[PDB]
Amino acid sequence: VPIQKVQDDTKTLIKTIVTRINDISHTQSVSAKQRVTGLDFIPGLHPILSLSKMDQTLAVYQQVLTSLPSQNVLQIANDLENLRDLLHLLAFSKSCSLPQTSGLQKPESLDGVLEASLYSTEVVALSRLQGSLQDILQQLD
Amino acid sequence: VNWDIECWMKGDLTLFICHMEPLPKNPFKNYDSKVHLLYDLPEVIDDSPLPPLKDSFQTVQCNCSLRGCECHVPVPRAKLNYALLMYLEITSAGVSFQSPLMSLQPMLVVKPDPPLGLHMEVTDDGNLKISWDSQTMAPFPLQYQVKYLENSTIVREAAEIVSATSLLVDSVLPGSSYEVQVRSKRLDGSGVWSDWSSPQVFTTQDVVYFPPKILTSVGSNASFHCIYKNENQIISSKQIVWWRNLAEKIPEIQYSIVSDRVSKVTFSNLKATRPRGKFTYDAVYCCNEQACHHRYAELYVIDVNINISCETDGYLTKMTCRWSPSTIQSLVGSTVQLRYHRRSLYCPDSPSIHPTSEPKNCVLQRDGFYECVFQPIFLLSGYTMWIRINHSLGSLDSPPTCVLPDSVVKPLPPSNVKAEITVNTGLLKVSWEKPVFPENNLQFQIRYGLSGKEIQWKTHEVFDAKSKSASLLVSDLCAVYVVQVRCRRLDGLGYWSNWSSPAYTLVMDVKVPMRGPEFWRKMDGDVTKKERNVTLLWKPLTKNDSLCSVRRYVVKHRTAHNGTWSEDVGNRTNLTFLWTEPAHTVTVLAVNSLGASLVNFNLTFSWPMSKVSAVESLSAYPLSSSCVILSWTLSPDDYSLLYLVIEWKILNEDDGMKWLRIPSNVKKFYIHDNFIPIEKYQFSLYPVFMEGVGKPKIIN
Amino acid sequence: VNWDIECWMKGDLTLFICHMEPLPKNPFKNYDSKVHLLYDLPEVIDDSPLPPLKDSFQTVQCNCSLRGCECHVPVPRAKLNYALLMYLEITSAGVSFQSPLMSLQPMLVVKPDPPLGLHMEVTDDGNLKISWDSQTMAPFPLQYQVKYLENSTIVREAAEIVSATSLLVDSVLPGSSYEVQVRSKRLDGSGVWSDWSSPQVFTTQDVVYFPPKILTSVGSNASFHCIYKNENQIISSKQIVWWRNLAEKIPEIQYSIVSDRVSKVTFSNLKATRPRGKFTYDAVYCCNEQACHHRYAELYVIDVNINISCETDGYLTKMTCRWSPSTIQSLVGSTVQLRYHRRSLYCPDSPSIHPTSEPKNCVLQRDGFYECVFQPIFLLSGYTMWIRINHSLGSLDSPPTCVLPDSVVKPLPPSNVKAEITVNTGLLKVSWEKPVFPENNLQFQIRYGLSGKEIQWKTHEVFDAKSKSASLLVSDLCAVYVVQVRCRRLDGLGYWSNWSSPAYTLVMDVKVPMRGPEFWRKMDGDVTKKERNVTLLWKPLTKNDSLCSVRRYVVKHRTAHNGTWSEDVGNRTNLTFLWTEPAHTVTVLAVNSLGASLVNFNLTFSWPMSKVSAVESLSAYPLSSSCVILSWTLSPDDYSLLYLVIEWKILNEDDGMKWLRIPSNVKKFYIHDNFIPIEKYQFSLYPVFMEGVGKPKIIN
C-alpha cells in the first residue's frame, strides 16, 4: 500500500479522535497545570520522539484505560488499537528492522488509584492523552 | 480439698454465675466429683432468729468439666436486691464436703457485657471521637476503660477510663493507624470489669476531610475541613489552598482556620449542580498551595422543589393529586414518596411538614405525572402535603403544601341545555338544568355560535346563581346555532365545569315573509279573442323578503263580477290564466308557516285602458355590451301612473323576455345585460295605472 | 475339577476379564465354590531369580454364577505392556485348589468393541459403498470383517475381511436390499474378535438418484446420476432420458454415461429455482426415454447475491449495516446468519470468508431489511462481512464483503444556517455552522429558492473546506428565499448530510426608491378667488420604482417667501393644498426605510404663466371604443415646453378624472381606454414649462 495515503490516514484519524475527546470532555474543561498525586504512572511531561517510546507510551495508555469502565472510552480504545497497529506498520515502512518488543508493565498502582480516584484518573487520562497526541502530531512532520 | 470460686451476676440479670477452679492441679484424675449448689431466696425480711428449714433450699446440679465447675443460679429480677443464701455440697470418692452458708446480693456483684458500636470520627476541630453505645438494659451506672493504640508516626498506646460513651481524641494525625479497645464495669459496688471489646480500627490519610461529603440544596450554606500532610509534614491551615473541581480556586475570603493544622472552607447561597459529562457534582480540593492531594471533598447540591395538582370531583368524594417527577430524575437511586398530614381545621397560611404524616400511593400515568387519588374526603380539612425523595445519601422533602378539598372542586356540567328561538322576538333563549352542587353557588357560562364547520363561538356569562335560562340577541333568525353552557362555583373557587352538550337551534319562520313577489304577465292569446291567457311571471323571494322562508305562493285575483278568489300556486313562480273580464287584478302572496306575505303588489288588467297610451316616445341607447340606456317621454296628460315596467327581449326569441318594474317618475333608464349587437332587441314600455295597464310603447 | 478359562483385556483397556466355565455339567449343585484370583504386577524388570514374596499378590474375588465365574482384574494402562503374574485359588467343600502361576501381557490379548457408525451409501459410479467408524481409542490397528447380504431376486451372502473402515460393493442393484455387519479385531497378536455390530440395512429403489438432492447456488453446477430399473430390467444409461420437473426433457447433450446402468445429468450455471407452488426445488427426473418414474432428484438453487449496505453515524459512534433477505424466502426453513470478521488492517482487495468469524445479531424491520449495528467500531479495521444461509440441505455463505467505516459516514446537517441579503450589494449571503467531523474536509452542498408553495430549488457546492459563509446572486431582491445546505466528505466518501433547516431571509429595502411618483393636480377654487385649493394627485410607485417598498410619500413645497418646506403625505396618494403665492414649487418624494426617492417629479404653479398658451389646435378623433387620437399643433413661439399633460374626463362627471403626462414633442397621441360614444368628453392638453403650466387647451 502507498505510504502517502497511510500518512494522511494517520493524520485524519488522529484529528478525528481529537474531536471525539474534545467534545466528550465538554462537560470536563480542564486546567492542565494541576498535578494530582498518584497518576505518575502516566508519563507525558516530556516530548515523545522515537517509534519505540511513543509505541510503549501508547501501549501503557491502552493498559491504564483498560481499567476505565465506559463505552465512549471503548470506542476510543478501538481507535488506539488501530493506531498502534498502524504505527507498527509505519515503523516497518521506515525500513528500520528494529525488533518490535512490547509489554513490560505492572498493573498494581494503577488499580490502587482506580479503586481510589476514578474521577481524577479518567479526566487526567483524557487530558494527558490529548497533550500526548498533540506533541505527536507536532512530531510527525 | 481447696477450690477457687468466682461468682458474678450475668449482664442480662437472669442468671447468677459462680465459676469454680480446683487447687492444686490434678490430684483428681479419675473420680466423678458431684458438686451441688443449694440456695434459698427468702421473700420476707422478718427480724426473727429462726433458722431456715432444711427443706426450703433449692438444689442446682453444677456442670463440672476438666477445667472447673460452673454453677448457674436463676435469679428473678424482682429478687436481685434480696439476700441470696446458699451453700455448696461436693461429693467425691464417697465423701461429702459441705461449705458454710454464704450471703450475698446478686445486684452488688454483676459482670456487665462489653460495649458495642465502637466508632471513630473526626470533629470539625480535627479531633477524633471514639464512640460506643451504653447498655440500655443495665439498671446500674457503668465505667468504661478505653485502651487506644495510636499507630501513628509515633506509636502511642494509652488506656483511659471514662464514664461517658464517647472519647475525645485531639488532632487526628494524617497518614496513621489506630487500634482501640474498651471494657466496662459497674460504677457502684464491687464492679467486675467486662472483657475487652473487639478492637475497632480507624486509619487516616495524609489528607483528611470532614465532613467529606455534603448533600444540600440551592441557596444553602456549608463548610468542608482539611488537614494536609505533605509527606511527613502536616501542611498548615495558613498554607492549605482550597480548590473546587481543580478548575476554580476558592477565594480565601471563604477560607477559615480552626487550628493551624486544620483548614476549613466555607460556602454560601448554593445553586443547582450541572453534571460534567457523566460526573454529577462539585469536587472540593485541599491543596498545599499548589500541592493538590489526590483525595477530595465531595459536594452535592440539589434544587428542592415539587408541586402537585389536586382536584376534587364534582361529586365531592375524592381528590386526585397529580405531580411531575421531572425534577427528580437527576440522582439515580432516589426514591420518591408523597407524605401527607391531614388537619382537622382549615389550611394554615404556611403549610408545614407535620411530624405525623402518612404515606400516599400515587400512580404514574402515561402522561408522566404521579397520580395521588384520595378517597373518602372531607371538604373542610386541610391536607398538608409534600414530596419525600429518598436518595441513597439522605432523605429530602419538597416544600410542604396544604390543599382544601372544597377549594379544588370541579362542578358537573350544566344539563338539559336547550337551544330554541323565541318567536316574534328573535332572542336566543338557552334553558338548562343545573348540576348538583352545595349552596347552589354556581356561576354559569354560555357559548354560542353559528352551526357549521367553523362555529364562531360567542360567550355570555350568567352571574345569577338562580338563573336556569337566558335570552341572547341574534342577527340571523333563520340559522342553526350551537350553544353550550358550562359552570363553576359562584365564588369562582375550584374549576370550571366542562362545557355542556351542544344545544342546536331549530330554524322556523319567526315572521311571515316581509313582502309579496313582483310578477309580470305573459300574454298567450291573440288580441281578437276576448279570452287571453295571462301567464304571470314572478321570481322567488330573497332572504330578506322570505325572511326565513316562503313555504308557498298563492296568487289572488279580483274581478267586477266574480268578486275575489285565490289560487294556491305553491313553489312555482308563474301562472297562466285566461282573461275574460273588463277589470281583472292579480296579487301574489308569499306564505310561510306563520301566514302570507304582508306587502304585496297589484296589477290590474283593463280592456278600456289597455288602449290608453301614457308613453309618448321610447328610445334605446346601448352604452356597451353590458349596458343599454332606455329613455322615454310620457304624454303631458295628468296620468296617475303607478310605475313603469320595462320589457325587453331578443327579437325572434319568444323565450328571452325580461321585465322590470321601475317607478313611473323615471324618464331615462340604464339596463345592464349582455347585449349582443347583432341581435335585435324589442324594448317595450308599459304604462301601468291603478285600474289597468296602459297601452305600451315598443321599439325594436 | 476342570475349568475352561478364557481371559481377555476389556475394550476400554482398564479391566482384565477372565471368564471360567466348569467342566463337565452339574456335578456341583449345592456347594458355595469360592474362586479367588491372586495377581501380581511387578514394576521393575530385574534379572534376579528371586521368587515373588507371598505378600505381593493382590487377591480378586471373582463373580461366580450358575453359568460360570467372571474375574475382574484392574490393569493400569501404563502396565498393559507389563507381565501380569496370575494364579488361581478355588475353594470348594473345604478343599482349596491352586492353579499354577500364569504370566501374560494384557495388551497382547484385547477384545475390541464392535465397530460403530455403519453408514451406507452409493458412489457416483453406481457402486455400493459400506462405511463404518473406527474405534478412536484403540492404540492398535484393527482388522474388520464385513458381512453383507444382497436381498435381490437372488439371495447373496458375502463375508469379507478389510483393514480399512469402508467396503465397496459393485453394481448397485436397483430395488434390492443390503444388510451389513462389521466386527473388529486387533491386527497384530492373538487379538480376540469383537462381536458383530448392529446390522445396517440399505434397500435400493428401482430408480436411484445419487445425489438425490443438490443444494446449489445460482450459476453453480449440479450433477445428478441415475440407475433406472424398469420392472425386472435395469434400464441402460443410454436409454435414460432426464427431465426437469417433467416439463423439460433435459437434452441428451447433458447426459453423461457413467456406466451402462448409471446415467448422469450435470446442470451447469444453475438459475435460481422458481417456486413451483409448493415446490421450491427443480425436480430432476430420470426417465427411460419417456417413461419417467414417479421419483426424481431435488435441485435447490438459491440466490446468494445479497447486497449489504453499511452506514456510519455523524457522531462517529456506530455502524448501521443493512441488507435484504429477498433472495432467501424462496426456500422455507433456511437459517441465515451474518458472519463477521473484523480484520485489524484495512479490507483486502479480495474480501475473504474468514474462518474466525463471529455471529452477528440483526433485526428484520417493517421495511423487510435486516439492520446490523456494529459497536464499538474500529476505524482502520477491515470488517469482513457475509451471510451464512444455513439450509437444512447445507449452509450457504454469501460472498464475503469487507467495509471500512470512513467511506460510509453520513454527515450531520450543518447547524444554524443563516440566509440574508447583503445591503447595497443585494448579495444573498448565507452563513452556516460546520458540524463536528474529522479533518473538516467537507464538501458542502446548498440549496436555495424562493419561498412559496413550490420552491424552485437552486443548488451550489462548496469545495473549500474552510469556507463558513458566502454571498449569492438572487433574482428578486424583495422576495423571500428559502435556503437549505447539506454536506459530505470532500473526497466523495461517506454520504451526504441531511439537508439543513430552511433558512429565510428578511425582506428589507436594499435601496431608496429610484423615482418619485407622477403627480397631477385637481384645481379647487374660483378663478376670481386668489386662493385656490390645489389637490395634488399621484399614484403609488411600482415594484421597480419602489424596489421593495415606499414607506411614505413626502411632498416638498418651495416658495419665494416660505422658502422650501416638505409635507409628509405618508401612504396617501393625494394632497389638497391652497395656492397663495405667485410661485409655489411642489415635489412629491417617495420614501422607504433607506430614504426618499433620488429623482423626483416637479410641478410649478404660476398665475402669470397660467395665462400663456403654447397650443393653438387640438382635435379628438375616435379610433374605436378603445382608442382616440388627439391631434394638436404647438406654438411657433420658442416655448421651452417640458411636457404636455393630457386631461380627459366625462363631462357632468366630477369623478371621471384621468390624466396623463406626455412628452412635449408629441403632436398626436393614442389614448387606449374604454370609450363610450354616448357621453360627451373633455379633452384637455396642458403645456408645461419651467415657469409653470401654461394655459391649457380643452376640446369637448
# chains A, B, ... in the order shown; residues from 1 in each chain; ligands from 1
>>> interface_residues(of="chain C", to="chain A", cutoff="8 Å", atoms="only C-alpha atoms", output="PyMOL selection string")
chain C and resi 317+344-345+375-381+436-439
>>> interface_residues(of="chain B", to="chain C", cutoff="8 Å", atoms="only C-alpha atoms", output="number ranges by chain")
B: 621, 623-624
>>> residues_around(residues="residue 34 (chain C)", least_positions_apart="6", cutoff="10 Å", atoms="only C-alpha atoms", output="list in words")
residues 61, 62, 63, 64, 69, 89, 90, 91, 92, 93 and 96 of chain C
>>> write_last_selection(atoms="N, CA and C atoms", output="PDB file, in the first residue's frame")
ATOM      1  N   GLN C  61     -11.717 -61.237  44.198  1.00  0.00           N
ATOM      2  CA  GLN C  61     -12.852 -62.129  44.394  1.00  0.00           C
ATOM      3  C   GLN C  61     -13.721 -62.113  43.142  1.00  0.00           C
ATOM      4  N   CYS C  62     -13.696 -63.209  42.389  1.00  0.00           N
ATOM      5  CA  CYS C  62     -14.394 -63.276  41.116  1.00  0.00           C
ATOM      6  C   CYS C  62     -15.886 -63.502  41.322  1.00  0.00           C
ATOM      7  N   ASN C  63     -16.678 -62.989  40.385  1.00  0.00           N
ATOM      8  CA  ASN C  63     -18.130 -63.134  40.426  1.00  0.00           C
ATOM      9  C   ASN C  63     -18.495 -64.483  39.820  1.00  0.00           C
ATOM     10  N   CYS C  64     -18.885 -65.427  40.672  1.00  0.00           N
ATOM     11  CA  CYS C  64     -19.262 -66.766  40.248  1.00  0.00           C
ATOM     12  C   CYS C  64     -20.779 -66.872  40.165  1.00  0.00           C
ATOM     13  N   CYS C  69     -17.735 -68.353  36.361  1.00  0.00           N
ATOM     14  CA  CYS C  69     -17.100 -67.337  37.183  1.00  0.00           C
ATOM     15  C   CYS C  69     -16.400 -66.317  36.297  1.00  0.00           C
ATOM     16  N   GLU C  89      -7.018 -69.507  43.069  1.00  0.00           N
ATOM     17  CA  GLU C  89      -7.296 -70.252  44.293  1.00  0.00           C
ATOM     18  C   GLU C  89      -8.790 -70.548  44.333  1.00  0.00           C
ATOM     19  N   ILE C  90      -9.151 -71.812  44.133  1.00  0.00           N
ATOM     20  CA  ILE C  90     -10.543 -72.246  44.105  1.00  0.00           C
ATOM     21  C   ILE C  90     -10.776 -73.123  45.325  1.00  0.00           C
ATOM     22  N   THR C  91     -11.697 -72.705  46.188  1.00  0.00           N
ATOM     23  CA  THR C  91     -12.035 -73.438  47.400  1.00  0.00           C
ATOM     24  C   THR C  91     -13.471 -73.939  47.295  1.00  0.00           C
ATOM     25  N   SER C  92     -13.657 -75.249  47.461  1.00  0.00           N
ATOM     26  CA  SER C  92     -14.975 -75.859  47.394  1.00  0.00           C
ATOM     27  C   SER C  92     -15.030 -77.059  48.326  1.00  0.00           C
ATOM     28  N   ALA C  93     -16.103 -77.133  49.117  1.00  0.00           N
ATOM     29  CA  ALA C  93     -16.327 -78.231  50.062  1.00  0.00           C
ATOM     30  C   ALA C  93     -15.151 -78.399  51.021  1.00  0.00           C
ATOM     31  N   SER C  96      -9.188 -76.582  48.887  1.00  0.00           N
ATOM     32  CA  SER C  96      -8.688 -75.453  48.113  1.00  0.00           C
ATOM     33  C   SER C  96      -7.787 -75.952  46.990  1.00  0.00           C
TER      34      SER C  96
END
>>> residues_around(residues="region 49-66 of chain A", least_positions_apart="2", cutoff="10 Å", atoms="only C-alpha atoms", output="PyMOL selection string")
chain A and resi 41-44+46-47+68-70+73-74+76-78+80-81+83-85+87-88+90-91+98-107+110-111+114+121-122+125-126+128-129+132-133+135-136+139-140
>>> residues_around(residues="region 569-576 of chain C", least_positions_apart="2", cutoff="8 Å", atoms="only C-alpha atoms", output="count of residues only")
16
>>> residues_around(residues="region 480-495 of chain C", least_positions_apart="6", cutoff="6 Å", atoms="only C-alpha atoms", output="PDB file with N, CA, C and O atoms, in the first residue's frame")
ATOM      1  N   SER C 407     -15.566   5.481   4.663  1.00  0.00           N
ATOM      2  CA  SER C 407     -16.221   5.746   3.391  1.00  0.00           C
ATOM      3  C   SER C 407     -17.735   5.617   3.462  1.00  0.00           C
ATOM      4  O   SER C 407     -18.410   5.839   2.452  1.00  0.00           O
ATOM      5  N   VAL C 408     -18.284   5.259   4.618  1.00  0.00           N
ATOM      6  CA  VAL C 408     -19.720   5.118   4.793  1.00  0.00           C
ATOM      7  C   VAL C 408     -20.244   6.053   5.881  1.00  0.00           C
ATOM      8  O   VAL C 408     -21.183   5.715   6.591  1.00  0.00           O
ATOM      9  N   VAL C 409     -19.628   7.221   6.030  1.00  0.00           N
ATOM     10  CA  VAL C 409     -20.080   8.168   7.036  1.00  0.00           C
ATOM     11  C   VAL C 409     -21.061   9.155   6.422  1.00  0.00           C
ATOM     12  O   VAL C 409     -20.712   9.939   5.530  1.00  0.00           O
ATOM     13  N   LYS C 410     -22.296   9.146   6.922  1.00  0.00           N
ATOM     14  CA  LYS C 410     -23.282  10.137   6.506  1.00  0.00           C
ATOM     15  C   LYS C 410     -23.173  11.353   7.414  1.00  0.00           C
ATOM     16  O   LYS C 410     -23.294  11.224   8.642  1.00  0.00           O
ATOM     17  N   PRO C 411     -22.934  12.539   6.870  1.00  0.00           N
ATOM     18  CA  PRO C 411     -22.678  13.708   7.713  1.00  0.00           C
ATOM     19  C   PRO C 411     -23.927  14.205   8.425  1.00  0.00           C
ATOM     20  O   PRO C 411     -25.064  13.919   8.038  1.00  0.00           O
ATOM     21  N   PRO C 413     -26.271  17.361   9.155  1.00  0.00           N
ATOM     22  CA  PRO C 413     -26.556  18.661   8.567  1.00  0.00           C
ATOM     23  C   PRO C 413     -25.904  19.762   9.381  1.00  0.00           C
ATOM     24  O   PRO C 413     -25.912  19.728  10.625  1.00  0.00           O
ATOM     25  N   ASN C 441     -12.732  18.152   6.208  1.00  0.00           N
ATOM     26  CA  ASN C 441     -12.618  18.134   4.749  1.00  0.00           C
ATOM     27  C   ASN C 441     -13.997  17.830   4.166  1.00  0.00           C
ATOM     28  O   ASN C 441     -14.296  16.733   3.688  1.00  0.00           O
ATOM     29  N   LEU C 442     -14.846  18.845   4.221  1.00  0.00           N
ATOM     30  CA  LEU C 442     -16.268  18.708   3.955  1.00  0.00           C
ATOM     31  C   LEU C 442     -16.633  19.490   2.704  1.00  0.00           C
ATOM     32  O   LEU C 442     -16.389  20.698   2.629  1.00  0.00           O
ATOM     33  N   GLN C 443     -17.213  18.803   1.727  1.00  0.00           N
ATOM     34  CA  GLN C 443     -17.790  19.485   0.583  1.00  0.00           C
ATOM     35  C   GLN C 443     -19.255  19.764   0.867  1.00  0.00           C
ATOM     36  O   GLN C 443     -20.060  18.841   1.025  1.00  0.00           O
ATOM     37  N   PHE C 444     -19.595  21.043   0.932  1.00  0.00           N
ATOM     38  CA  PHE C 444     -20.933  21.473   1.296  1.00  0.00           C
ATOM     39  C   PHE C 444     -21.760  21.679   0.037  1.00  0.00           C
ATOM     40  O   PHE C 444     -21.285  22.242  -0.954  1.00  0.00           O
ATOM     41  N   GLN C 445     -23.001  21.211   0.078  1.00  0.00           N
ATOM     42  CA  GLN C 445     -23.962  21.487  -0.975  1.00  0.00           C
ATOM     43  C   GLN C 445     -25.114  22.262  -0.376  1.00  0.00           C
ATOM     44  O   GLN C 445     -25.725  21.820   0.601  1.00  0.00           O
ATOM     45  N   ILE C 446     -25.405  23.416  -0.957  1.00  0.00           N
ATOM     46  CA  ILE C 446     -26.505  24.261  -0.525  1.00  0.00           C
ATOM     47  C   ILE C 446     -27.643  24.064  -1.508  1.00  0.00           C
ATOM     48  O   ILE C 446     -27.425  23.593  -2.631  1.00  0.00           O
ATOM     49  N   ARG C 447     -28.856  24.383  -1.078  1.00  0.00           N
ATOM     50  CA  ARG C 447     -29.982  24.546  -1.979  1.00  0.00           C
ATOM     51  C   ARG C 447     -30.773  25.773  -1.551  1.00  0.00           C
ATOM     52  O   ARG C 447     -31.043  25.966  -0.363  1.00  0.00           O
ATOM     53  N   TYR C 448     -31.120  26.611  -2.521  1.00  0.00           N
ATOM     54  CA  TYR C 448     -31.845  27.841  -2.252  1.00  0.00           C
ATOM     55  C   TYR C 448     -32.965  28.012  -3.263  1.00  0.00           C
ATOM     56  O   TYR C 448     -32.892  27.510  -4.389  1.00  0.00           O
ATOM     57  N   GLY C 449     -34.012  28.717  -2.843  1.00  0.00           N
ATOM     58  CA  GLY C 449     -35.131  29.006  -3.719  1.00  0.00           C
ATOM     59  C   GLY C 449     -36.107  29.942  -3.047  1.00  0.00           C
ATOM     60  O   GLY C 449     -36.089  30.132  -1.828  1.00  0.00           O
ATOM     61  N   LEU C 450     -36.975  30.522  -3.871  1.00  0.00           N
ATOM     62  CA  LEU C 450     -37.966  31.472  -3.383  1.00  0.00           C
ATOM     63  C   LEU C 450     -38.963  30.784  -2.462  1.00  0.00           C
ATOM     64  O   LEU C 450     -39.308  29.616  -2.664  1.00  0.00           O
ATOM     65  N   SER C 451     -39.428  31.512  -1.450  1.00  0.00           N
ATOM     66  CA  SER C 451     -40.415  30.980  -0.517  1.00  0.00           C
ATOM     67  C   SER C 451     -41.778  30.934  -1.191  1.00  0.00           C
ATOM     68  O   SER C 451     -42.252  31.945  -1.718  1.00  0.00           O
ATOM     69  N   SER C 501     -32.037  22.936   7.884  1.00  0.00           N
ATOM     70  CA  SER C 501     -33.318  23.588   8.086  1.00  0.00           C
ATOM     71  C   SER C 501     -33.504  24.690   7.045  1.00  0.00           C
ATOM     72  O   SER C 501     -32.520  25.304   6.611  1.00  0.00           O
ATOM     73  N   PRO C 502     -34.734  24.961   6.615  1.00  0.00           N
ATOM     74  CA  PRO C 502     -34.959  26.063   5.674  1.00  0.00           C
ATOM     75  C   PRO C 502     -34.604  27.400   6.308  1.00  0.00           C
ATOM     76  O   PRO C 502     -35.124  27.759   7.367  1.00  0.00           O
ATOM     77  N   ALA C 503     -33.713  28.136   5.651  1.00  0.00           N
ATOM     78  CA  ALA C 503     -33.288  29.447   6.117  1.00  0.00           C
ATOM     79  C   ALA C 503     -34.028  30.529   5.344  1.00  0.00           C
ATOM     80  O   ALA C 503     -34.065  30.513   4.111  1.00  0.00           O
ATOM     81  N   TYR C 504     -34.614  31.468   6.077  1.00  0.00           N
ATOM     82  CA  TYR C 504     -35.441  32.513   5.497  1.00  0.00           C
ATOM     83  C   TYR C 504     -34.778  33.870   5.674  1.00  0.00           C
ATOM     84  O   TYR C 504     -34.446  34.271   6.793  1.00  0.00           O
ATOM     85  N   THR C 505     -34.595  34.574   4.562  1.00  0.00           N
ATOM     86  CA  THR C 505     -34.131  35.948   4.620  1.00  0.00           C
ATOM     87  C   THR C 505     -35.266  36.860   5.066  1.00  0.00           C
ATOM     88  O   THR C 505     -36.439  36.479   5.047  1.00  0.00           O
TER      89      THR C 505
END
>>> select_by_dssp(residues="region 170-405 of chain C", states="strand (DSSP E)", output="VMD selection string")
chain C and resid 177 to 186 200 to 203 207 to 209 213 to 217 222 to 230 233 to 234 240 to 244 248 to 249 255 to 257 263 to 267 282 to 288 291 to 292 297 to 302 308 to 312 319 to 323 335 to 343 358 to 359 363 to 364 370 to 374 382 to 385 387 to 391 394 to 397 401 to 403
>>> residues_around(residues="region 194-209 of chain B", least_positions_apart="4", cutoff="8 Å", atoms="only C-alpha atoms", output="VMD selection string")
chain B and resid 111 to 116 118 to 120 172 to 185 224 to 231 234 286 293 295 to 297
>>> atom_distance(atom1="CA of residue 568 (chain C)", atom2="CA of residue 556 (chain C)")
8.0 Å
>>> closest_residue(among="C:546, C:290, C:587, C:269", to="residue 241 (chain C)", atoms="only C-alpha atoms")
C:290
>>> atom_distance(atom1="CA of residue 611 (chain C)", atom2="CA of residue 694 (chain C)")
6.1 Å
>>> select_by_dssp(residues="region 7-94 of chain A", states="alpha helix (DSSP H)", output="JSON, numbers by chain")
{"A": [7, 8, 9, 10, 11, 12, 13, 14, 15, 16, 17, 18, 19, 20, 21, 22, 23, 24, 51, 52, 53, 54, 55, 56, 57, 58, 59, 60, 61, 62, 63, 64, 65, 66, 72, 73, 74, 75, 76, 77, 78, 79, 80, 81, 82, 83, 84, 85, 86, 87, 88, 89, 90, 91, 92, 93]}
>>> atom_distance(atom1="CA of residue 405 (chain B)", atom2="CA of residue 322 (chain B)")
13.9 Å
